[PDB]
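Encoded as structure tokens, the structure appears first; notes follow it.
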Protein chains: 2
Amino acid sequence: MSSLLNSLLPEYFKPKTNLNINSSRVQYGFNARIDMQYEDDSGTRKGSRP
Amino acid sequence: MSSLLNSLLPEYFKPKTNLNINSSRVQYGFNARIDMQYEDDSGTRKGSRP
């Protein structure tokens, strides 16, 4: 059933037809922007991985 | 004039009669609590001298 397996894919994922696989290992994932924060009695230390 | 020289003294200063001076040098002043702060894009670093 193509229909039920299609709904499992994420909303942001827009797939194309061809995929040129040339190896026996693939790292599928996503890139996200994490805005980390460390608060303490002394003060706050902010970080950001884009 | 005792009156005009009396008004120059601070409000918190409550003087007593006797002062036992035993040297040719005196460091008059006051003790205060300073709450310092350093803010930056990275974060805030707070200090306190009681």
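Residues in the structure tokens are numbered from 1 in each chain, the chains being A, B, ... in the order shown, and ligands are numbered from 1 in the order shown.
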What are the residues of chain B lining chain A at 10 Å or less? Count only C-alpha atoms, and put the answer as a PyMOL selection string.
chain B and resi 37-48
Can you list, as a ChimeraX atom specification, all residues belonging to chain B that DSSP tags as strand (DSSP E or B)?
/B:34,37-38,43-46,49
Hey, can you check how far CA of residue 30 in chain B sits from CA of residue 6 in chain B?
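Result for CA of residue 30 in chain B versus CA of residue 6 in chain B: 18.1 Å, one decimal.
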Between CA of residue 50 in chain A and CA of residue 36 in chain A lies a distance of 11.0 Å
I'd like the neighbourhood of residue 31 in chain B as a PyMOL selection string, where a residue qualifies if any of its atoms comes within 12 Å (using only C-alpha atoms), though same-chain residues fewer than 4 positions away should be ignored.
chain B and resi 12-13+49-50
